[PDB]
Structure formats: structure tokens, C-alpha cells
């Protein structure tokens, strides 16, 4: 009933759209889970953003149906003196009965920001069923 994927880095990218964070992927269908609920946690404890205009990163939890939940961090200065690490966690509960076969973490730039993961990050789920 516990699913988990974790990474320690990702190639630095920018994106104006949500794009997969490589490695943060849970295959629900492959685990034989076809109904009930998943409580999903995207945990990016040590990201940073680089950019010229109050940098930050949007993160999402997505399924094959798209983004279920999202949020961001942003710095409080236009060009931070140093881009500090800004812990980020997002939590969503999904109905698998809706047609879900996978869960992924995604990211999007804030204002053109380059997006950095260079240490542990995780995607976690707990499956709960009323049966």
C-alpha cells in the first residue's frame, strides 16, 4: 500500500508549462491499483531557482488526467543575493476510480527561472480503499 520514487538530481531546465521531473513517477496501474484513493506527497525539500525577476518554481502533482494540485515558492527579492534553498511539499488525495494509471511530479518556471534539484526529492503515495 506504500509507493515511493526518489531522485538526487535532475537536468536544469526552464519551462513555461508543467513538465515532468524525471524519476518522480509512480506507476499505479502496474501495481494493480484500479480504485480507491491515493494520498500523494510531492516532497522537494531543497530546490532553488535562478533568474532575474523574483525567481521561483511551480510544482505539481499530475496523473495521466493532468494536474490535480500545484503550488510554488518564490523569493522576496528581485535578484536574491544568494538563491537560498526553499523547502517545498505538496499533498493531494486522488480517486483512482476516476481513471488513474500513474502519478508524477512536475515543475514550471516562475518568471523564466531555471529550476534546480541537486539533492534528495521524493514522490510518495499511500493507497486507501473502503473495501
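Residue numbers count along the first chain shown, from 1. What we label the rigid core is the largest C-alpha set whose atoms superpose within 1.5 Å from one form to the other.
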In 8 other deposited structures of this protein, rigid core aligned: more displaced of 121-129 and 3-11 by C-alpha RMS: 121-129
Between 77-85 and 54-62, name whichever shows the higher mean Cα B factor according to the PDB entry. 77-85
Please compare 42-50 with 89-97 and say which has the higher mean C-alpha temperature factor in the record. 89-97
Taking only the Cα B-factors deposited for this chain, tell me whether residue 5 sits in the lowest, middle or highest third. middle
Please rank the C-alpha B-factors of the chain's modelled residues and tell me whether residue 72 sits in the lowest, middle or highest third. lowest
